[PDB]
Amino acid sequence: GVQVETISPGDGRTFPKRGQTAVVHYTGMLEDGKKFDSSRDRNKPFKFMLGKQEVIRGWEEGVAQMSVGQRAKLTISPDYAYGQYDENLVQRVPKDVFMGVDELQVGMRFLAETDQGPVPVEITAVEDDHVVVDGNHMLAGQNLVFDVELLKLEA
């Protein structure tokens, strides 16, 4: 699930509700603390509507527990973030499928035709007779930690 630890208190009175626009500054990190996203690095607060599923479940339920002005640590499990690692989204392609006359790089990300539709995949390994294509989210299976400050509530 998601756990909320207060960093700085809010007003303890105004809390997000469905359909309301929450305005936040956030820093996203892996469990070890390595940063992967931060609205503060863009100098732009991040806005999202509660209940619209514009953010992960840990945010939907975690930010709802925060009052305006509050800064809090959100500890989020994979099921409440970008999901567990899906082994069905990893496959070995015999290399014949790829038909470029120029470099085919490990780490290249692109939209591939999948049974679920055109979705992003990544070449994570190339072997002599096989290419490993991984469609998992880059953060799949990762416990995440967010520094979130609820700057405003709007509607």
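Residue indices: 1-based, along the sequence shown.
Averaged over their C-alpha atoms, the temperature factors of 93 to 101 and 28 to 36 are higher for 93 to 101.
Set 142 to 150 against 16 to 24 and average the Cα temperature factors; 16 to 24 ends up higher. Each of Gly107, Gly69, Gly58, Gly117 has a CA temperature factor in the record; the biggest one is found at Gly117.
Annotation for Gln65: CA B-factor lies in the middle third of the chain's modelled residues.
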